[PDB]
Amino acid sequence: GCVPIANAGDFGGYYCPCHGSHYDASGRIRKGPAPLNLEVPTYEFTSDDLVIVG
Amino acid sequence: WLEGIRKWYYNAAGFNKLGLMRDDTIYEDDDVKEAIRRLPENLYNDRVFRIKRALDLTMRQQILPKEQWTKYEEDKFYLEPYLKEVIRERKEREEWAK
Amino acid sequence: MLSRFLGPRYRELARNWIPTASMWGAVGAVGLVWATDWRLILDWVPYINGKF
Amino acid sequence: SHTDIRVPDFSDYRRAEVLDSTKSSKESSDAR
Amino acid sequence: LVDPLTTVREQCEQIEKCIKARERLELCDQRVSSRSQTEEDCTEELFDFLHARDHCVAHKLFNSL
Amino acid sequence: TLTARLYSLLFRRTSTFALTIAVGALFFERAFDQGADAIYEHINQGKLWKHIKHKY
Amino acid sequence: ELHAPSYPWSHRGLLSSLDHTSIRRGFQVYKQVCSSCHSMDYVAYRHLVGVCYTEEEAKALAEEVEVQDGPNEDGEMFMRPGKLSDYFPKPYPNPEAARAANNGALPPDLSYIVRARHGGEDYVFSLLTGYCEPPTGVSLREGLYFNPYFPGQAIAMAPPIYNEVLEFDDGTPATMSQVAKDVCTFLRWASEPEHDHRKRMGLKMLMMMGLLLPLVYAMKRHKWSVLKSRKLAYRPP
Amino acid sequence: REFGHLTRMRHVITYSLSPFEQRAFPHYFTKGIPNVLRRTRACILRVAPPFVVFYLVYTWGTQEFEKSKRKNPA
Amino acid sequence: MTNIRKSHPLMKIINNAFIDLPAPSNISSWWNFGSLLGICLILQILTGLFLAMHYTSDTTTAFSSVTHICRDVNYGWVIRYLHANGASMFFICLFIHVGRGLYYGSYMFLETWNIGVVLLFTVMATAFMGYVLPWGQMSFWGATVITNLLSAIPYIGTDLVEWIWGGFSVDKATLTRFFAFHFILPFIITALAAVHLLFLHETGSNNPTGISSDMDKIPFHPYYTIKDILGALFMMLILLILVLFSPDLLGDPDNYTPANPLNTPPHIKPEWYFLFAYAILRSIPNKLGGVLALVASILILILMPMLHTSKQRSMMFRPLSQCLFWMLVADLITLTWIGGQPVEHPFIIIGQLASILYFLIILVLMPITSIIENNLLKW
Amino acid sequence: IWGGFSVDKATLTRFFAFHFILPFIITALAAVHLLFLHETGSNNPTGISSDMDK
Amino acid sequence: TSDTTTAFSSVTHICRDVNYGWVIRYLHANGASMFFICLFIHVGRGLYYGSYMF
Ligand code: HEM
Ligand code: HEM
Ligand code: HEM
């Protein structure tokens, strides 16, 4: 729960302030053992309008 | 050499410390049961008392004195021929069943 | 369970019970298909596929 | 041959109240 | 007001485990500051020093509290 | 002996054996709790609420 | 990974109870330092009676707070003085306001904080007393503080305790380590409020086992002596 | 399977004492301690070596794992 | 006239099961753990039912209901931690009981051995579903990992995992149905234990010598009722030491944190009595191969009678197979330790060698070594 | 039995627990019931023993 | 769920949202009544034919 800086980012779009696991636009861990980046779930990617996601 | 390895394993198995013979310890399946049923009465009675005595010993968590331990050269394989015959009869019935 | 059951009489027993066994296997297959409404298979049955 | 049968000595296991063969064991029975 | 923990920490820092770890830490501090851009960090060295100091301090602190 | 007397008076009959056990259970609960509690409050003397309540 | 040392707590021993005066001073620390950002959802005022406060003292402590009370005849919610049956006040209406007030971090509930951490009150004591400067090569974002005992060694809580952070009613200097020890004792009670009873029951159980196990062993061996002294003879024809 | 019809047994005599005639812990130490030591020598080389191997493997794995979290100068 | 103990239809069954049952006169303390198991079962039914008098299986109240049980219910902390450490004692007794069966060849009782395998699986399912009920972090995420393991199953994995969940993830429906299954399952376990004893009494108990003991049977009642009572008192001592002196020894602090589906714990381990299997599954890189190994590590108990290649039943007179048995116990201990550890160097290669060794012992080394022992005895 | 001063939360949860467990006790009692019945077999509408016509 | 804030709601949820939940609910409710109908007829039979002599 070391909440990132949502929608900003020192590197990209977010960044892990508590840890070093900063985030890019693809919300990628920059440096840290967090087992993955921000989870990218099942969605209907065709457009930000037309995403069922779930 | 296997007098060595075999006598060593006989000592290390330690049923001789209970006064047991090797054939006293065979797992009793059906073939072994028939082998025991065919045993002559004196052999059957000796086997039953040896087994009862060893059960009593292990109930007290005890072993016999070393002078009473089954010596390896005197372990009599009293049940081998009876078992061999029972097994041969079973093999005969199965070779027929084919 | 290795070769006591390996013989001429046992191959005859196998052949005798193979049609019954295969019929029972078809029974199991049809029952499993019908119980689960397995469309994968059931989409092929002419009139039954109307349910889908 | 049944007269050849003797009970083994149980002295090692006996309570001290009954170690003597020459004594009534009733005189300790209640205590035991 | 003075805190027990300060004086206990100094006394326990006078421990040779602490004395060795402190200059290991100060050689890390002399490197990482000399090198202009690195990934180290002297957290491991400080962790050794603090492990030693805090073992001694946990032995002696509650007596004055 | 004492144990002969105890057996003759209280143990021989099962009803009297049981009555002795019941009375003994009552008195044992009382004495054992008293002793165990005193031990626990001596080990933890001054630390418990009871020891310090009388200041508040 | 900097693991906490083992401190010689008064309650560490097997039959050793908590010191209840430290529990009382630790409630004063929680209720004057921690509570502004931490909740204790599962501890109510009534729980402190017979432990570190009398019922009158605890009723006045509940009176010191205002708690929201349910709908009126008109259907409005109102504020009333607290009661013994009331649980400890929550500093934030929801987790999101808690995170908003604390730079994105939600400060945890402390009812189980000692139980929910590896190392327990040792960890909490070392965390509260362990704020140092960041080492060479370590840089933390603003609003983060280096603590070697916190996983990652970057904690969103500023050092809460310091010398004379509060005043103690019994007059103890409120040195930082004293305040930490008191609050850690209180947190141990808040996680496990059966600790003293559990250990008194353990003492009784150990005594009862030390009596019964020899006695049941004697019963087993009295019945078994028939088999264990038994003699066997073989008299074949 | 009930008592009275389990096996045929012959020529076996058993002698037993009342539990009220004998003790429940006779020679409990003077004989029990040598028996425990005998029963320990009898099995110790069959039981112990696997647990020695586990101790060594556990010790090595733990110290090695902790030797990987250490900074290697680089 | 009759003895109603022998003539009365109910008392006749009781008499033949625990009073006039002929039992071997030499069965050791290791034969106590049957009666411990049935006692543990009863204890789990007793405390759990009293927990179920206060517990609620809604995810908004489950963790709170348990805190209420331990904080405000009279002696509810006693009942709660008696239940948790009684689950741990159940598994200790089960492992010792199965180890005794392996060592002494008790698996040659086919029906009661196979029913025992069924019982092992059902106790495991009950304990697993019970541990989710407090709805702590470990409850939630252990349920998450263990249930999503079942997605490895070909063609029906996702459908069956979602059906078990009753939804897209582990959630409210899963917790409520896990409470229902956790309630019902121990009574099915009771029925299976009764069937188990019915199959055992067909032959009676095996003994440490592995030799049939019918010439030296003693009545169950005076001897093994008192011996089983002493064993039960010793078991109670250990259980109460756990409950009253280290309630949290065998548990995990993260289950004192309410379940957070957003945050996952740094370590997600089962309980200790699952770690040996969790190691084996984690040793295999393939998801489905890992699940198959985690299932085979307990299904392999069904193979022991077919793997028996010794002329003797028990291990009492076979030093080499005793060596292999203690290696097997050591390998299970190292699998438990590995399963309690992260998946990183060196625990990965250690877990792999241990997982290989477990199967290599049971399936290969033990049979070949029994054959070698057979020839050393010249049969 | 209430667990309190009236019928309330404690009563409801304990009633759920007792209601869950009791039918299994009923199952065991029905098994004992049938065990006792089979000692004689069934009665019949005439009330006369029917061993000659089983 | 046996909490007093959710029991009525949980039953409503069973009858409105659980797939075939109203079937199971009202099957249970009327199977209790069928159980008592059968029990009363069973005991009446016992009284009428003297089955209590067992
Ligand atoms: C629900 C849990 C279980 C209970 C209550 C239970 C109960 C019992 C009891 C009371 C006995 C007789 C006493 C004894 O010899 O220990 C027994 C024997 C046995 N049990 Fe279990 N058991 C359980 C689980 C298992 C398991 C998991 C296995 C192994 C797969 C198993 C296999 C056996 C065997 C083989 C015997 C006979 C042992 C022998 O006589 O040598 N049981 N069981
Ligand atoms: C086979 C026997 C049983 C086993 C092995 C078992 C196991 C467990 C375990 C491990 C837990 C989690 C304990 C914890 O919080 O750490 C648990 C919880 C629970 N069990 Fe069981 N259980 C059994 C029987 C029962 C029965 C029969 C009931 C109901 C009558 C029950 C009711 C509960 C309840 C209500 C909880 C939640 C309360 C709690 O977490 O302590 N259990 N069980
Ligand atoms: C749990 C509910 C019950 C079940 C499952 C049950 C089951 C049975 C069954 C299967 C039979 C044999 C078939 C028959 O004659 O009906 C039977 C017979 C009998 N039941 Fe019940 N029963 C129950 C309740 C009762 C009740 C409430 C009584 C009255 C006190 C009772 C007394 C009898 C009697 C006397 C017989 C023998 C009737 C005869 O043969 O004439 N049972 N029961």
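Reminder, nothing fancy here: chain letters follow the sequence lines and each chain counts from 1. Note: hydrogens, waters and symmetry copies are ignored here, and every other heavy atom, side chains too, is used. Both counts, for ligands and for their atoms, begin at 1 and track the order of listing.
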Heavy-atom proximity to atom 7 (C) of ligand 2, best of I:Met138, I:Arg80, I:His182: I:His182

What protein heavy atom is closest to atom 20 (N) of ligand 1, reported as residue, atom name and distance in Å? I:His196 CE1, 2.9 Å

Check: I:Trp31 ring centroid to I:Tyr104 ring centroid under 6.0 Å: yes

If you count the atoms of ligand 2 from 1 in the order shown, which ones are under 4.0 Å from a heavy atom of I:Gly130? 11 (C), 12 (C), 17 (C), 18 (C), 43 (N)

Is the shortest N/O to N/O distance between I:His97 and ligand 1 below 3.5 Å? yes

Ligand-side contact atoms (ligand 1) for residue partner I:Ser106, heavy atom cut-off under 4.0 Å: 35 (C), 38 (C), 39 (C), 41 (O)

N or O pair under 3.5 Å between I:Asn206 and ligand 1: yes

Decide whether the shortest distance between a heavy atom of I:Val123 and an atom of ligand 2 is less than 4.0 Å. no

Please confirm whether I:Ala52 approaches ligand 2 to less than 4.0 Å, judged on its heavy atoms. yes

Nearest neighbour of atom 28 (C) of ligand 2 from the list I:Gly86, I:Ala84, I:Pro134, I:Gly48, on a heavy-atom basis: I:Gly48

Considering only heavy atoms, does K:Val43 approach ligand 3 within less than 4.0 Å through its side chain, its backbone, both, or neither? side chain

Between I:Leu119 and ligand 1, which part of the residue brings a heavy atom under 4.0 Å of the ligand: side chain, backbone, both or neither? side chain

Counting only nitrogen or oxygen atoms and a 3.5 angstrom limit, does I:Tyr131 reach ligand 2? no

Just which atoms of ligand 1 are under 4.0 Å from any heavy atom in I:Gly38? 5 (C)

Is there any N or O on I:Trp31 that sits under 3.5 Å from an N or O of ligand 1? yes

Specify the protein heavy atom at minimum distance from atom 5 (C) of ligand 3: its residue, its atom name, and the distance to 0.1 Å. J:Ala30 CB, 4.2 Å

Atom 15 (O) of ligand 3: the protein heavy-atom neighbour that sits closest, reported with distance to 0.1 Å: K:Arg45 NH1, 2.9 Å

For I:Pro208, does its backbone N or O pair with a side-chain atom of I:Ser314 as donor and acceptor, under 3.5 Å? yes

Checking the N or O distance criterion of under 3.5 Å, is ligand 1 in contact with I:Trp113? no

Which heavy atom of the protein is the closest neighbour of atom 37 (C) of ligand 3, given with residue, atom name and distance? J:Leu37 CD1, 3.6 Å

Which one holds for I:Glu271 and ligand 2: side chain close, backbone close, both close, or neither close, with close meaning a heavy atom under 4.0 Å? neither

Can a non-hydrogen atom of I:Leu41 be found less than 4.0 Å from any atom of ligand 1? no

Considering only NZ, NE, NH1 and NH2 on the basic side and carboxylate oxygens on the acidic side, decide whether G:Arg115 and G:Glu194 come within less than 4.0 Å. yes

Close-contact set for ligand 1 against I:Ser205 heavy atoms, below 4.0 Å: 40 (O)

What part of K:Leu39, side chain from CB on, backbone N/CA/C/O, both or neither, has a heavy atom under 4.0 Å from ligand 3? side chain

For I:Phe109, does the six-membered ring have the charged nitrogen or CZ of I:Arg313 within the cation-pi criterion, i.e. under 6.0 angstrom from the centroid and within 45° of the normal? yes

